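Labels below follow one simple rule: chain letters A, B, ... track the order of the sequence lines, proteins then strands, and each chain is numbered from 1. Atoms considered below: every heavy atom in the structure, side chains included; atoms not considered: hydrogens, waters and symmetry mates.
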Amino acid sequence: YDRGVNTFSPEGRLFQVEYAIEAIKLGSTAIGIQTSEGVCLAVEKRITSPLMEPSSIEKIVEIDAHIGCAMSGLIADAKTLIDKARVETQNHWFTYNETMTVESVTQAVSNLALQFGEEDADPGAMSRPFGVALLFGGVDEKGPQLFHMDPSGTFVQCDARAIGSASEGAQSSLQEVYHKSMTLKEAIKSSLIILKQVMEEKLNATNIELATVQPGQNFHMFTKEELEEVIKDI
Amino acid sequence: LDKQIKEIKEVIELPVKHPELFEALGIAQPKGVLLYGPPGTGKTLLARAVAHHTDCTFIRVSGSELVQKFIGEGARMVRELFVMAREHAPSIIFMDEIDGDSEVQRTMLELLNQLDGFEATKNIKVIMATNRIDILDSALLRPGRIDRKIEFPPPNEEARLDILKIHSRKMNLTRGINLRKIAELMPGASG
Amino acid sequence: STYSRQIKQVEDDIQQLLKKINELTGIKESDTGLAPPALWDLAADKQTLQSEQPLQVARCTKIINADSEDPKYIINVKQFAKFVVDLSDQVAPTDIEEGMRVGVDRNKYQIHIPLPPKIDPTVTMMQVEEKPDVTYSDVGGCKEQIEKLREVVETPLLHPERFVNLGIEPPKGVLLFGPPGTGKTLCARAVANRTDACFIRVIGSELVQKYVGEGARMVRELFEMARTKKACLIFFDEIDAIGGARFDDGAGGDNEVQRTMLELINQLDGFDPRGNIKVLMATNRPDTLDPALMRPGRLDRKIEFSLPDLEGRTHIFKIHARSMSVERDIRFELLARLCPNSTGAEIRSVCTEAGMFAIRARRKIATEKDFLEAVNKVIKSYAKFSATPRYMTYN
Amino acid sequence: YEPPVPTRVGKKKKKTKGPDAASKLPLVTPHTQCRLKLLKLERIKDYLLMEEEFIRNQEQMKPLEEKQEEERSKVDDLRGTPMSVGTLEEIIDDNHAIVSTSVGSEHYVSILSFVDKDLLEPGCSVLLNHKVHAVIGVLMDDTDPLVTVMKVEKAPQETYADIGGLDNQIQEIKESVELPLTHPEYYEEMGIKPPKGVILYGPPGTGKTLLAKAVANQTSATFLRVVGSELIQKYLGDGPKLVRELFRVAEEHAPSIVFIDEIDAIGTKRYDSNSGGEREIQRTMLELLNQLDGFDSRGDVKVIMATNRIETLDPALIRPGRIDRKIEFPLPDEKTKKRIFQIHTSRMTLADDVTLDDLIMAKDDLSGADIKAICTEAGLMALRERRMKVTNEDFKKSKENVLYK
Ligand SMILES: Nc1ncnc2c1ncn2[C@@H]1O[C@H](COP(=O)(O)OP(=O)(O)OP(=O)(O)O)[C@@H](O)[C@H]1O
Ligand SMILES: Nc1ncnc2c1ncn2[C@@H]1O[C@H](COP(=O)(O)OP(=O)(O)OP(=O)(O)O)[C@@H](O)[C@H]1O
Ligand SMILES: Nc1ncnc2c1ncn2[C@@H]1O[C@H](COP(=O)(O)OP(=O)(O)O)[C@@H](O)[C@H]1O
Ligand SMILES: [Mg+2]
Ligand SMILES: [Mg+2]
Ligand SMILES: [Mg+2]
């Protein structure tokens, strides 16, 4: 239309940024919880047909051996951010022989957001914001850490953050059930409980993804047996 | 225009005089006719002749406001003329496009839409005359709207001779006029 | 079947009896506007025809020698004539003013009765006489919007004593704006249902007239007849029909409509006080409105009917599925989550289409699957024709 | 001096029109020929007997001046002759009104008792005494020529059986314009009002107007047909006025179906006779928006719209609440093409060498209108050769006639 991508509303809102933020509410619900025992990431696969293979719906991604990411919204848009996170990481290791801070990874991914434009831009520059919301979860010198990133490039550490279609109700439930000193098993169970009450379908070990980043241990995607072990309770 | 006379006859004379032919054929009687050709080729002449010979009332719809008081005090829709046409059935509604969008073709679209399946009284035919057929709206060129399109090409040498014979018959002519030579002297002429 | 013969006998007797009754009493004609004979006061009609003389309507023009005991009144009897007359003995001299319509006799044309000002019948019909069947309980997700609207258009009329005591002048204008189907006209209908003062509904397209200056005349007469009431509300639905911003495009582009809008603006806030009229306008294109019309003192409150949030959508789903024969475990919160940016009209259509899916399957109860298919058909399948994405740039 | 105060609330006439009047006998249930219906009918009969005896007695001892025929004659004398036709300009009081005669002169006259005072509204045509101009009646306005223009007097002969392949479309339109009238109990028991509006969209010739004709054939409601281009008027505000009057007429004949055919033609076509340009068309569209879903309460009026260009319509016009259902009419597939060919050749006398399978693929983008035109033109070719049996050569010439050139 007449408006450019880099246009400000009379209220001071970047139009395309707000419109990309509205894209997350159509995405699947993801829930990240940070606890002293580790970071738990959960997401709903939202299977639309029995023929579709659930294993191909990858919405929790290994960023590095100590960092994972859960994406919500336009999953295709999240591929570029994931690739930049996984390339920017191992570049810090290449030059400094150390793993990045989760905050540094989230900041590097955030710098990609808002790097879009129409005129006076590079040929490889993007045309629109990334219509995806990311939940980075990892372990670093500061222990376990969970960061939330949105298409405006605003990344912020969160104790327990829910994004996606059910972000409002899941966030309310997280506020109701989160306390700072709780185990990782309790975090996983609470996240699964919150997911189960917001899914359109019925929760099972196939339509959800669960991952954990614990101190000492590496990023771990939960298998079907491990998922069934915790689902059998609730 | 013998071919044009036969073509317009099979579509306007037969449905009025012999609806049983179309009923036996199992086809819908034609309701809309298009006559396309250069101006002065006899489209209005043939329309008036076919209205005269079949005893069908000839109504010319020019869209002029001067005659609106006769059509109706409302004048909000052109279909208000139908009340008059039904009172003089069989009727032939004629509109000539002199050539925004064309009002004559819009009136065609409205009248044809009414005549499609929403008109109770039969024997109400509708004729257009237009200079060109490639300018017509896609709605009018859609199959099923105009049941027959008849071309009125400019007369050739023999047709020009026939028109010359018809029109010079109204004059005190000396014997021995070589009307054939005069017809040859008018290449690309209209009636 | 054993009673059928007696049924028909007594039915025919009843029909004959009804015809016989109508023979003596009346009930006939009805094409010449004749009332039933039970209301015929014929003696009083004759006494009125004799005693009560007809009065021609004229307009007083000038009062000569009003101070003295012989004031002469120049009246303009419509298309008839112009006369210099005097008041009848039964009319006080102070009851007739210059420029007001009067009624005079046909013999000496002496002024016999002051008359109400002439109002166009089209303007008169614009006032609402049957209140709509919508209450504020039928609008969901608009708690703040409804409160702001009520404290301007309803509270000052209901309890004016709370405002005069504190020297408070309440706002006298509200503009409801938002994407189509968000509930602007629904809230206006709720206001008209709850209001007790005179409510006038004006559609902007009704203010477009064939002739020059006629729309401004209708606006003037609308505010004249609105001022003949102690408290009044005027609703301007789709004010963008005539409320567009003034522009000069070389030719006379929208000059007459701009004059109508200027007349409306002058009535709202001009040299003369507006009165106790509290106006109300609803439009889905508030960006096109003139800056002078969008100014406080003409449109003091600007209530935005944005698309409902999750709680608002759940509330609308509860409102529209209240009388539904739904199942026991319908997850209306999930349904509201499944349509992020949807108007209340889309939610109503979702409820109706879920009911239609249940009906088509010859089922008396609509399950949750029916609501899911309704969401797919309305929110998703019909999303090509959605007016939402285009119209939130305008709001 | 004080102004008179009317006792009637409002200034408009009574909404109810054309009722049973004094013949509104109580609805007796059950309709079955049982003794309880018999007893209810007898009770009505006894009340009518008592009424008849009472009225006969009262008229018997009423004075010779006060008799039904005598009072009617006195009413005629009070009205006099001729009875002028004026316009009710204003209702000053219950028995006083300002009325304007045909010469443009207004009069403050008295409304007599025998006038049907609930028929009086501003602008209504009243009958006045010739001498004193007192209101002596209300003239029942004759049907407007435009009212005749919209109303479809005779139902079209095209039925649902004459439509091939549009099963889902027929079901969707029946659920909105036919089932709510024939079987309202479904909607009442389900707790939902029927789908408000329906728009039929698709490529030209797909059968939108044919489905509207089929609906008009099997409908008990008044059918009003308006073409979109008919809403474009020559004067400012006349378009909105026409839309307003169309929906007023729809409200008068409730239940009714309003078929706004070729709605997109209001915007896709520009005529110089339209004084206002695109802005007057926009005002007409806003009036249509108000009529479809606006402030005024809508009765039993169903709206059907058809267009081959739905992308050019204002999205606020077809928003839910205004048009609930958007029924698509795709180009026919092979099964539907065969059904259409069999439908339009059912009354035909085909030859043994004519096969519809070959004609099924005359063109890739073949529609129902193209097939019907093929059949009609083939019959015309058979008529040219004075034949009743249509040959394959006739259909071959038909294809090159309608589809090409
Ligand atoms: N907040 C709401 N709560 C409940 N129902 C609603 C709400 N908003 C809209 N609806 C429903 O959707 C319908 C939309 O019609 P409405 O008159 O409210 O639209 P609008 O906002 O005036 O639209 P437009 O701008 O096209 O005139 C209403 O009649 C009502 O049934
Ligand atoms: N599916 C069909 N089955 C049977 N006949 C059909 C079908 N589709 C079209 N026809 C025939 O084609 C004729 C013309 O089609 P019709 O006018 O209904 O099309 P339309 O889609 O409304 O077109 P338009 O967009 O031009 O107004 C109909 O009178 C009917 O006889
Ligand atoms: N083919 C023709 N034969 C005889 N006269 C003709 C012929 N074509 C045109 N004319 C004469 O030309 C005059 C005007 O032609 P008209 O039919 O109005 O042209 P158009 O077909 O463009 O309407 C008529 O009065 C008619 O006598
Ligand atoms: Mg010509
Ligand atoms: Mg509205
Ligand atoms: Mg059509």
Side-chain angles (χ1 to χ4, degrees), chain C residues 41 44-66 69-121 123-124 221 224-225 227-229, chain D residues 1-8 11 78 84 86-101 103-113 115 117 120-124 126 128-136:
Chain C
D41 200 0
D45 285 343
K46 156 157 281 163
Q47 252 297 300
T48 281
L49 274 202
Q50 314 198 6
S51 87
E52 279 225 292
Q53 57 158 351
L55 294 185
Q56 207 161 10
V57 182
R59 156 158 270 116
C60 186
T61 280
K62 143 83 71 165
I63 310 177
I64 315 132
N65 303 336
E69 280 192 342
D70 281 346
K72 309 206 243 283
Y73 296 74
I74 305 185
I75 61 161
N76 183 19
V77 198
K78 289 295 306 132
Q79 298 293 333
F80 182 55
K82 257 189 280 289
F83 291 102
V84 170
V85 311
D86 50 344
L87 267 44
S88 174
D89 53 3
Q90 294 290 276
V91 155
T94 62
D95 226 300
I96 309 301
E97 313 158 6
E98 291 178 345
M100 80 143 45
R101 293 160 87 228
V102 301
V104 304
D105 49 333
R106 311 143 98 71
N107 318 338
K108 331 185 83 64
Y109 303 95
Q110 36 208 342
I111 287 157
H112 276 282
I113 173 146
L115 278 185
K118 167 162 228 43
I119 297 290
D120 208 31
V123 174
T124 299
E221 299 183 7
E224 283 178 346
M225 154 219 76
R227 281 185 213 101
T228 63
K229 290 123 181 56
Chain D
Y1 161 84
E2 68 270 4
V5 198
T7 66
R8 78 171 309 270
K11 310 250 226 153
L78 282 180
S84 182
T87 290
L88 199 278
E89 299 283 350
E90 177 160 346
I91 321 104
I92 303 299
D93 202 354
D94 269 1
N95 48 22
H96 287 93
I98 292 182
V99 301
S100 78
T101 56
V103 310
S105 73
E106 304 172 288
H107 309 263
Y108 174 82
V109 308
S110 310
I111 313 172
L112 296 197
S113 65
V115 184
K117 306 204 175 195
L120 293 170
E121 102 186 328
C124 86
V126 287
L128 321 163
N129 195 358
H130 196 214
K131 312 300 203 23
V132 306
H133 291 113
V135 180
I136 57 189

Flag side-chain contact, heavy atom, 4.5 Å: [X] against [Y]:
X	Y	result
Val102(C)	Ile113(C)	no
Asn65(C)	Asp70(C)	no
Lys62(C)	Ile64(C)	yes
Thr48(C)	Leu112(D)	yes
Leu128(D)	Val126(D)	yes
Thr87(D)	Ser100(D)	yes
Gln110(C)	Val104(C)	no
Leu49(C)	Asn129(D)	yes

* To do: Taking atom NZ of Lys72(C) as the centre, report whether more than 12 heavy atoms of other residues, nucleotides or ligands fall under 6.0 Å from it.
  => no
Which donor-acceptor pairs under 3.5 Å do the side chains of residues 73-100 of chain C make with protein atoms, sequence neighbours left out?
from	atom 1	to	atom 2	distance (Å)
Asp95(C)	OD2	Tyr1(D)	N	3.3
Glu98(C)	OE2	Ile63(C)	N	3.2

* Show the numbers, then the answer: is there a side chain to side chain contact (heavy atoms under 4.5 Å, CB included) between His107(D) and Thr101(D)? => CA-CA 8 Å; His107(D) 309 263; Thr101(D) 56; 3.9 Å; yes
From [atom1] ([X]) to [atom2] ([Y]), nearest 0.5 Å:
X	Y	atom1	atom2	result
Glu89(D)	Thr124(C)	CD	OG1	10.0 Å
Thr7(D)	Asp94(D)	OG1	CG	3.0 Å
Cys124(D)	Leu88(D)	SG	CG	4.0 Å
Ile111(C)	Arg101(C)	CD1	CZ	13.5 Å

Quick one: closest heavy-atom pair of [X] and [Y], and the distance?
X	Y	answer
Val132(D)	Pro54(C)	O-CG, 3.2 Å
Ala66(C)	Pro71(C)	CA-CB, 3.9 Å
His112(C)	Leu55(C)	CB-CD1, 3.7 Å
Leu115(C)	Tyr108(D)	CD2-CD1, 3.8 Å
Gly123(D)	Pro121(C)	N-CB, 4.4 Å
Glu224(C)	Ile119(C)	OE1-CD1, 4.3 Å

* Would you say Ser113(D)'s side chain and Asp41(C)'s backbone share a donor-acceptor pair under 3.5 angstrom? -> yes
* Asked: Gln53(C) and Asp105(C): side-chain donor and acceptor closer than 3.5 Å?
  -> no
* **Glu90(D) and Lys118(C) ion-paired at < 4.0 Å** => no
